[PDB]
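**Q** Data: structure_31.cif, mmCIF, C-alpha atoms (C1' of nucleotides).
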data_work
#
loop_
_atom_site.label_atom_id
_atom_site.label_comp_id
_atom_site.auth_asym_id
_atom_site.auth_seq_id
_atom_site.Cartn_x
_atom_site.Cartn_y
_atom_site.Cartn_z
CA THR A 1 -22.19 209.49 116.58
CA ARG A 2 -21.04 212.68 114.91
CA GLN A 3 -21.50 214.69 118.11
CA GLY A 4 -19.76 212.52 120.69
CA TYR A 5 -19.26 209.21 122.44
CA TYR A 6 -21.87 207.66 124.71
CA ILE A 7 -21.40 204.68 127.03
CA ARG A 8 -23.78 201.99 128.26
CA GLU A 9 -23.08 198.93 130.27
CA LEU A 10 -24.30 195.59 129.04
CA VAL A 11 -25.31 192.69 131.26
CA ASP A 12 -26.97 190.18 128.88
CA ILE A 13 -25.40 188.62 125.80
CA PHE A 14 -26.91 185.72 123.89
CA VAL A 15 -25.01 183.25 121.75
CA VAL A 16 -26.98 182.31 118.66
CA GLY A 17 -26.56 178.77 117.42
CA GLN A 18 -26.90 177.44 113.90
CA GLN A 19 -29.84 179.08 112.16
CA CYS A 20 -32.78 177.10 110.82
CA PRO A 21 -33.76 179.12 107.72
CA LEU A 22 -37.44 179.83 107.11
CA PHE A 23 -36.94 181.99 103.99
CA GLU A 24 -35.33 180.73 100.80
CA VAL A 25 -32.45 182.85 99.52
CA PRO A 26 -32.76 183.07 95.71
CA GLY A 27 -29.97 182.05 93.42
CA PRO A 28 -28.01 184.38 91.18
CA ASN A 29 -29.77 185.24 87.90
CA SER A 30 -32.88 183.47 89.22
CA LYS A 31 -36.39 184.54 88.33
CA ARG A 32 -37.07 185.51 91.96
CA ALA A 33 -33.75 187.40 92.03
CA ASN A 34 -34.55 189.51 88.91
CA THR A 35 -38.17 190.01 90.10
CA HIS A 36 -36.87 191.49 93.41
CA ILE A 37 -34.28 193.60 91.47
CA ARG A 38 -37.01 195.34 89.38
CA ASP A 39 -39.60 195.44 92.25
CA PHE A 40 -37.08 197.19 94.54
CA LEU A 41 -36.32 199.68 91.76
CA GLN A 42 -40.05 200.27 91.24
CA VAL A 43 -40.65 200.87 94.95
CA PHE A 44 -37.75 203.35 95.07
CA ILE A 45 -39.18 205.16 92.03
CA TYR A 46 -42.65 205.37 93.60
CA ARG A 47 -41.23 206.71 96.86
CA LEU A 48 -39.26 209.33 94.95
CA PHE A 49 -42.48 210.36 93.24
CA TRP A 50 -44.23 210.60 96.61
CA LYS A 51 -41.42 212.79 97.98
CA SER A 52 -41.72 215.23 95.06
CA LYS A 53 -43.17 218.63 95.94
CA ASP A 54 -44.05 219.96 92.48
CA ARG A 55 -47.50 219.32 91.05
CA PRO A 56 -47.52 217.27 88.81
CA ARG A 57 -44.93 215.13 90.58
CA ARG A 58 -41.58 214.98 88.82
CA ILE A 59 -38.27 213.24 89.50
CA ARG A 60 -34.78 213.33 88.04
CA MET A 61 -33.07 210.36 86.41
CA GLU A 62 -29.66 210.83 88.02
CA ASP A 63 -31.18 210.48 91.49
CA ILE A 64 -32.06 206.93 90.46
CA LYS A 65 -28.65 206.59 88.81
CA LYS A 66 -27.05 207.62 92.11
CA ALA A 67 -29.09 205.04 94.00
CA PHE A 68 -28.71 202.15 91.53
CA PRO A 69 -25.43 202.78 89.66
CA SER A 70 -24.92 199.19 88.52
CA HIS A 71 -28.22 199.29 86.64
CA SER A 72 -28.16 199.87 82.93
CA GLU A 73 -30.27 202.92 82.16
CA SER A 74 -32.47 200.85 79.83
CA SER A 75 -33.87 198.96 82.84
CA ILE A 76 -34.62 202.32 84.56
CA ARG A 77 -36.16 203.65 81.28
CA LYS A 78 -38.64 200.69 81.25
CA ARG A 79 -39.55 201.16 84.97
CA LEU A 80 -40.30 204.82 84.04
CA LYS A 81 -42.06 203.72 80.77
CA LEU A 82 -45.22 202.85 82.70
CA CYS A 83 -46.02 205.81 85.10
CA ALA A 84 -43.86 208.70 83.80
CA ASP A 85 -43.10 210.67 80.63
"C1'" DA B 1 -38.91 30.63 162.18
"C1'" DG B 2 -38.58 27.97 157.98
"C1'" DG B 3 -40.18 24.85 153.79
"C1'" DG B 4 -43.17 25.32 150.14
"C1'" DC B 5 -45.28 28.10 147.19
"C1'" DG B 6 -45.75 32.41 144.21
"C1'" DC B 7 -43.20 35.27 141.23
"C1'" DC B 8 -39.71 37.12 137.74
"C1'" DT B 9 -36.63 35.71 134.80
"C1'" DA B 10 -35.26 33.93 128.62
"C1'" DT B 11 -38.14 31.83 124.59
"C1'" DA B 12 -42.14 31.86 120.27
"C1'" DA B 13 -46.65 33.82 118.42
"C1'" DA B 14 -51.18 36.21 117.80
"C1'" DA B 15 -54.75 39.19 118.44
"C1'" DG B 16 -56.66 44.65 118.81
"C1'" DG B 17 -57.01 48.65 121.19
"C1'" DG B 18 -55.10 52.10 124.17
"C1'" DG B 19 -51.53 55.08 125.66
"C1'" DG B 20 -47.19 57.31 125.33
"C1'" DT B 21 -43.76 59.97 122.73
"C1'" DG B 22 -41.64 62.13 118.87
"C1'" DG B 23 -41.91 64.37 114.50
"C1'" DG B 24 -44.06 66.80 110.88
"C1'" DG B 25 -47.47 69.64 108.93
"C1'" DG B 26 -50.78 73.21 108.95
"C1'" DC B 27 -52.14 77.62 109.32
"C1'" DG B 28 -52.89 81.71 110.60
"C1'" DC B 29 -50.54 85.22 111.93
"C1'" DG B 30 -47.79 88.61 113.73
"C1'" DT B 31 -44.06 90.94 112.37
"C1'" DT B 32 -41.79 93.28 108.90
"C1'" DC B 33 -41.49 95.82 104.74
"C1'" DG B 34 -43.11 98.82 101.18
"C1'" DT B 35 -45.41 102.91 99.60
"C1'" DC B 36 -47.99 106.91 99.68
"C1'" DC B 37 -47.93 111.82 100.42
"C1'" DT B 38 -48.51 116.48 101.90
"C1'" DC B 39 -46.95 120.39 103.97
"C1'" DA B 40 -43.47 123.97 104.23
"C1'" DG B 41 -39.92 126.74 102.40
"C1'" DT B 42 -37.48 128.94 98.82
"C1'" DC B 43 -37.12 131.42 94.79
"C1'" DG B 44 -38.30 132.99 90.92
"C1'" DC B 45 -40.92 135.60 88.56
"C1'" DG B 46 -43.49 139.15 86.79
"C1'" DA B 47 -47.30 142.09 88.16
"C1'" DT B 48 -47.52 146.47 89.60
"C1'" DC B 49 -46.63 150.97 90.72
"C1'" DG B 50 -43.78 154.78 91.85
"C1'" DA B 51 -39.85 157.59 91.21
"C1'" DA B 52 -36.33 159.73 88.55
"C1'" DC B 53 -34.27 161.67 84.45
"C1'" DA B 54 -34.37 163.63 80.02
"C1'" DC B 55 -36.34 166.64 76.55
"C1'" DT B 56 -39.10 170.42 74.71
"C1'" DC B 57 -41.18 174.71 74.91
"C1'" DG B 58 -42.51 178.99 76.75
"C1'" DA B 59 -41.77 183.01 79.19
"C1'" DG B 60 -38.97 186.67 81.10
"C1'" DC B 61 -35.11 189.79 81.23
"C1'" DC B 62 -31.36 192.26 79.41
"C1'" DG B 63 -29.02 194.69 75.81
"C1'" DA B 64 -28.73 197.10 71.65
"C1'" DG B 65 -30.33 200.06 68.01
"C1'" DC B 66 -33.34 203.63 66.21
"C1'" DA B 67 -36.27 207.63 66.57
"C1'" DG B 68 -37.34 212.12 68.45
"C1'" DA B 69 -36.55 216.44 70.77
"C1'" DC B 70 -33.70 219.71 73.39
"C1'" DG B 71 -29.47 222.39 73.55
#
Turn this file's structure into structure tokens for me.
**A**
Amino acid sequence: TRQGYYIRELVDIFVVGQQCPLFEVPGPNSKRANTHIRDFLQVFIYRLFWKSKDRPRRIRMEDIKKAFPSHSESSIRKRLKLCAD
DNA sequence: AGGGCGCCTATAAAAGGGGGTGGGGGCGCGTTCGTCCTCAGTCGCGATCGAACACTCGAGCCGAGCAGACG
């Protein structure tokens, strides 16, 4: 860590074979992919509103632009359309 | 024991029935040939349904442009 080194011994190590997947990874540009993209952004926006101390709760746009910098700001504008002014 | 007698022999002919033997015919008859015939297997559909592929449309997401207000 930042403060120093720490040492443990280990005695047990597992080898994991070939995985049998139980969850389907979406494809690129899929409907499930884009749904997750906007849902994740919406959850981050709600949790930034919960963390806000001023009443009424207020956030800044460039916090979201620091978190999601590949997003066009139009997508963020629409996620803020419903729930913020 | 031996002379005379009986017999078989060759010869003709008839008469009639009986018996023996060989051949032919009958007939039935047994053997051989013809004919039916159905089941089993193959295949050929072709009946049916299920699965795949193609097409259309609807919805969702992203980007861009315009409007409004602050600086």
**Q** Let me know the residues the PyMOL selection byres ((chain B) within 9 of (chain A)) catches in the file above, as a count of residues only.
**A** 4
**Q** Would you mind listing what lies within 12 Å of residue 62 of chain A as a tab-separated table (two decimals) with C-alpha atoms, in the coordinates of the input, with only C-alpha atoms (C1' of nucleotides) counted and same-chain residues fewer than 6 positions away left out?
**A**
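Listed below is the output, selection-v5.tsv:
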chain	number	residue	atom	x	y	z
A	45	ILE	CA	-39.18	205.16	92.03
A	48	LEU	CA	-39.26	209.33	94.95
A	68	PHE	CA	-28.71	202.15	91.53
A	69	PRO	CA	-25.43	202.78	89.66
A	71	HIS	CA	-28.22	199.29	86.64
A	73	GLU	CA	-30.27	202.92	82.16
A	76	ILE	CA	-34.62	202.32	84.56
A	77	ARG	CA	-36.16	203.65	81.28
**Q** Just give me the gap between atom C1' of residue 71 of chain B and atom CA of residue 60 of chain A in Å, one decimal is fine.
**A**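 Atom-to-atom, atom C1' of residue 71 of chain B and atom CA of residue 60 of chain A are spaced 17.9 Å apart.
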**Q** If I take atom CA of residue 51 of chain A and atom CA of residue 70 of chain A, how far is one from the other in Å, to one decimal?
**A**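 Result for atom CA of residue 51 of chain A versus atom CA of residue 70 of chain A: 23.4 Å, one decimal.
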**Q** What does the structure give for the distance between atom CA of residue 63 of chain A and atom CA of residue 43 of chain A, in Å to one decimal?
**A**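 Distance reported for this atom pair: 13.9 Å.
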